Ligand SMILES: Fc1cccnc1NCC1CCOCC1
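Just the one chain here, laid out as structure tokens, in the form deposited without this ligand.
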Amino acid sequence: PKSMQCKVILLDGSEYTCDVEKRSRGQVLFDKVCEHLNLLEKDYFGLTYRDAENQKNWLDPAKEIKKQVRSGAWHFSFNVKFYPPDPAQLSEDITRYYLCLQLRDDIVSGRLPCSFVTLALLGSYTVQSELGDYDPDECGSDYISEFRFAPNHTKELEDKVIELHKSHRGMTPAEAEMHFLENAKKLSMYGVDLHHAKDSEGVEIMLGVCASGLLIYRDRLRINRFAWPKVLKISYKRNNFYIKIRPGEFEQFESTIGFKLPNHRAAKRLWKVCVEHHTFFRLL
């Protein structure tokens, strides 16, 4: 029974290696990675791979791995798929920990924009969780942490992390991670998956997929939101993506809204993540 080697980049930046039968469905690998991570609240997470166009794709757990990675390497990342709007509701501290690791990468990468003060506050909770109480012996006036906190580090930011870290004496790791999450969950781009698109007129927009619905950034700023309950049908055709809106009160007809995606694969990918968010957040 022939087995394929799988390499998974974990959220701590380390590499998990395992073997699965070459006809294995994604769920098989996901279950192995989640057992490795001692993760029981698996519903929020998934594996990504890179397609032939180097685009991130979710590995569908119901479909054969070989029919998704196709001609590419069996290389994956473990990632948060559904960002919970209220992480305090999660049953396990270890789930909140993995969510913290994902968000730290969201921040350093620039996917999750953050004010100076929030970068320093989030940083100070990470430092408290991982090193415990502030110690002056490790940190002089010229201290720079090994921890990556921001897309661009400044001495000012390092100083503010330390100033807030001092305020957190006695804080336990789960407590610091919960504080991290109470701040992160409020950021305007928390759990927003962004997709480049054009509107029905050809103007460049971003579509954001998240718990609260489909967001349109017709400018650099948000300009429209469609709450999932208002969406009856998500569809794609060629390079186009469509949402069927419920009729407003006393309106005779549903309304259909159309967007142009970079290519057919990008339209299909956007359709699938919207359907998945719609289902997940309808049930949560």
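Residues carry their position along the shown sequence, with the first being 1. Take the two forms, superpose them, and find the largest set of C-alpha atoms that agree within 1.5 Å; that set is the rigid core. Residues that one form lacks are left out of the comparison.
Keep in mind that the form solved in complex with this ligand is not shown, yet the notes after this line are about it.
K.L.:
Have a look at 139, 94, 157, 205 for me and say which one sits with a heavy atom within 4.5 Å of this ligand in the entry with it bound.
P.N.:
Exactly one residue meets the criterion: 205.
K.L.:
Ok, 36, 218, 70, 237: which has a heavy atom sitting within 4.5 Å of this ligand in the entry with it bound?
P.N.:
Looking at the other structure, the residue within range turns out to be 218.
K.L.:
With a cut-off of 4.5 Å between heavy atoms, is residue 194 one of the residues that contacts this ligand in the entry with it bound?
P.N.:
Looking in the entry with it bound, residue contacts with this ligand include residue 194, since a heavy atom lies within 4.5 Å.
K.L.:
Counting only non-hydrogen atoms and a 4.5 angstroms cut-off, does residue 150 reach this ligand in the entry with it bound?
P.N.:
So residue 150 does not count as contacting this ligand.
K.L.:
So, in the entry with it bound, is residue 162 in contact with this ligand at a 4.5 angstroms heavy atom limit?
P.N.:
Answer no; every heavy atom of residue 162 is more than 4.5 Å from this ligand in the entry with it bound.
K.L.:
With the core superposed, find the residue in 237, 222, 233, 70 that moves its CA 2 Å or more between this form and the one not shown.
P.N.:
With the rigid core fitted, the residue that moves is 222.
K.L.:
Name, in sequence order, the runs of three or more consecutive residues whose C-alphas all shift 2 Å or more between this form and the one not shown, counting only residues present in both forms and superposing on the rigid core.
P.N.:
CA shift run, sole hit: 220-222.
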